[PDB]
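Next up: a single chain in structure tokens, the form deposited in one PDB entry.
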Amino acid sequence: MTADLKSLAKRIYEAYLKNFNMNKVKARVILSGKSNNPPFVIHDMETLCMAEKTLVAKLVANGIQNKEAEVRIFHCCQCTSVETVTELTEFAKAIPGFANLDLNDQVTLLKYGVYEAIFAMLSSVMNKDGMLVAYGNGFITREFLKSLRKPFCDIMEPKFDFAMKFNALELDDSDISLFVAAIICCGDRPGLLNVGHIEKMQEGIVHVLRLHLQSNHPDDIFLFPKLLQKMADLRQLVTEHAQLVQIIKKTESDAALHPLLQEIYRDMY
């Protein structure tokens, strides 16, 4: 790894640590039970409702006008995505050539990349039993999410399935930061104006990723192609997620979609 490419990997990593509220080290410290403001455990309806009253009090301050639990949970899912979209938009500036792209191309890349990146990074807050939520202040169990009424019980399980395998690769955030940058730099997204420049930007970050994995994971000679496959798997996970969100939109009148997320989904797949 030349000084320039090692430096670029470090730049990316530092931008990740700055711009994401959650990183894998921070998540592991919490998940280990290692303590001021430890996470509320949400494993059933009683504990969901207690957690809501402390952590999202406005959402349950409406008396009997409060929405159904599953709809409140989905609203909190969406708020989490909106916040992660903001973080990803600032992170993207650290990627060589991204800020030099036409504004419309930056929008297109973020539109198609954000959910892939969201689900990749969600792995860092997931273990086989549950996941961190609410800025690290809740732990919601995988079984509780599976217990929700249909269709809401179908949202998170495929993301756990992705995450258990992704986490078995034992990436750290120096790896994950470059993987997220590579997700954002896909030249095959629909509607790009300057494909060739995006392809060169992609090639550059993927080269940095390949060299970084070779150095940081000398034990796994397949790690780079494994991650290329994970990117394809994410694209599929997102297509399926968008299909479920469309079902919710059509059949669940109380589950209002945030306008930023509606725009991301519009004409996506």
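Whichever C-alpha set is largest while still superposing within 1.5 Å between the two forms counts as the rigid core. The first residue of the shown sequence is 1; numbering continues from there.
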Legend entry - Rigid core superposition result in 9 other deposited structures of this protein, more deviant of 125 to 133, 87 to 95 by Cα: 87 to 95
Inset, instruction - After fitting on the rigid core, pick out whichever of 134 to 142 or 162 to 170 shows the bigger RMS C-alpha deviation in 9 other deposited structures of this protein. - result: 134 to 142
Legend entry - Unmodelled in at least a third of other entries of this protein, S35: yes
Legend entry - Missing coords for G63 in a third or more of other PDB entries: yes
Inset, instruction - If the chain runs straight from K34 to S35, say none; otherwise bin the unmodelled deposited residues as 1 to 3, 4 to 9, or 10 or more. - result: 1 to 3
Inset, instruction - Check the entry's C-alpha temperature factors for 150 to 158 and 89 to 97, then say which stretch has the higher mean. - result: 89 to 97
Legend entry - Stretch with the higher entry mean CA B-factor, where the candidates are 190 to 198 and 166 to 174: 190 to 198
Legend entry - Member of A232, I64, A69, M50 with the greatest C-alpha B factor (per the PDB record): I64
Inset, instruction - In terms of CA temperature factor as recorded, identify the highest of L228, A27, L244, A57. - result: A57
Legend entry - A117 by Cα B-factor - lowest, middle or highest third of the modelled chain: lowest
Inset, instruction - Looking at the entry's B-factor column for C-alpha atoms only, identify whether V107 ranks in the lowest, middle or highest third of its chain. - result: highest
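Omitted from view is the form deposited with a partner chain bound, to which the following refers.
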Legend entry - Contact of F98 with its partner chain in the entry with it bound (heavy atom, 4.5 Å): yes
Inset, instruction - Could you confirm whether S174 comes within 4.5 Å of its partner chain in the entry with it bound, counting heavy atoms only? - result: no
Legend entry - 4.5 Å heavy atom contact, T89 and its partner chain in the entry with it bound: yes
Legend entry - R149, heavy atom within 4.5 angstroms of its partner chain in the entry with it bound: no
Inset, instruction - Tell me, out of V71, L110, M156, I140, which residue has a non-hydrogen atom within 4.5 angstroms of its partner chain in the entry with it bound. - result: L110
